[PDB]
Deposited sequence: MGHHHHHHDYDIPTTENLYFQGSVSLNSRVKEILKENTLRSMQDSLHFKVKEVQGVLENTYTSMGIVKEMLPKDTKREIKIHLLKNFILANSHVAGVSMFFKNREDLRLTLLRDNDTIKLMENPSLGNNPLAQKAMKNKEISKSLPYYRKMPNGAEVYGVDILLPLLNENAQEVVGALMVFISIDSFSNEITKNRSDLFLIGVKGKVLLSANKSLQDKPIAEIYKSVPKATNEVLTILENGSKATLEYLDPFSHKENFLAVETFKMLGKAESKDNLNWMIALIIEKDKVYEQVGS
């Protein structure tokens, strides 16, 4: 009889990976839209335009990128072009930069680069878990680095794709850090600690993350005490960019085996 459960397993794993594969392309496609939008800002910001047009550009960049929660502009030789725009249910512009190590890193890397996830205190006093995306600004003939573009992407804003009306997905960053899960208390914590009761399963997932592969496996969930089918799939979180910092993110999809078997 159990060969029936075995076919049910075969069929469930197939659709998990197809389902998971879509979720990855969806999230990565969203990140790609933002990077594409950033490259346009990058191109226009340093052109011979007046301040208000540059502000006009940063505001519209936030408006059209719902997952962007902030953007900063820095210019070496123009004081009035050192601004930070943070999402405050609208946009709040704060004048300022220069000593910011993110602006300095942006100007020393030709390719799009990143920081690591972190909590930013927002104008309304709330904490937003996110990550910074960096680009350099170049003058007309591309000869000189003249400024920096710094984009704060909200990881919490991906709740729409990961946790809205479902609880079977995790977003995992480098070193196996949980970036977003339905279990809010897991954010910013490593899976080696969360799931230390299944070190063989976690060590495979972490290996799959480091190598940029994909896989399916089983594990006993320590929270539900039920065995889950688990599908993982990594993806380059900076997109098509060839960059030192274009590392692997991972999305996990779980299905408790009991629901399949009947």
How would you list, in order, the spans of the deposited sequence that the model does not cover?
1-26, 123-125, 292-295
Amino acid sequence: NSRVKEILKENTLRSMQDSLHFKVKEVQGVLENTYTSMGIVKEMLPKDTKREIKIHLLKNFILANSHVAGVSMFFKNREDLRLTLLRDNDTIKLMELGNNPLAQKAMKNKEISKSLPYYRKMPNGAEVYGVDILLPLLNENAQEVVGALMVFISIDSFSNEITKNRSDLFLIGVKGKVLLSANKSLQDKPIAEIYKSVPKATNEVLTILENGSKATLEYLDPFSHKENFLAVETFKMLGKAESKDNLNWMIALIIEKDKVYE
From here on, numbers count along this sequence of modelled residues.
Stretch with the greater mean C-alpha B-factor as recorded in the entry, comparing 106-114 against 120-128:
120-128
Entry-level comparison of average CA B-factors, 165-173 and 77-85, reporting the higher stretch:
77-85
Going by the CA temperature factor in the entry, name the top one among 149, 180, 97, 146.
97
Out of 142, 133, 155, 71, which one has a C-alpha B factor higher than all the others in the entry?
142
Ranking the modelled residues of this chain by C-alpha B-factor as given in the entry, is residue 10 in the lowest, middle or highest third?
middle
Ranking the modelled residues of this chain by C-alpha B-factor as given in the entry, is residue 221 in the lowest, middle or highest third?
middle
Would you please rank residue 36 by its C-alpha temperature factor against the other modelled residues of its chain and give the third it falls in: lowest, middle or highest?
middle
Comparing residue 47 with the other modelled residues of its chain, is its CA B-factor in the lowest, middle or highest third?
highest
Sorting by Cα B-factor within the chain, modelled residues only, which third would residue 207 end up in: lowest, middle or highest?
lowest
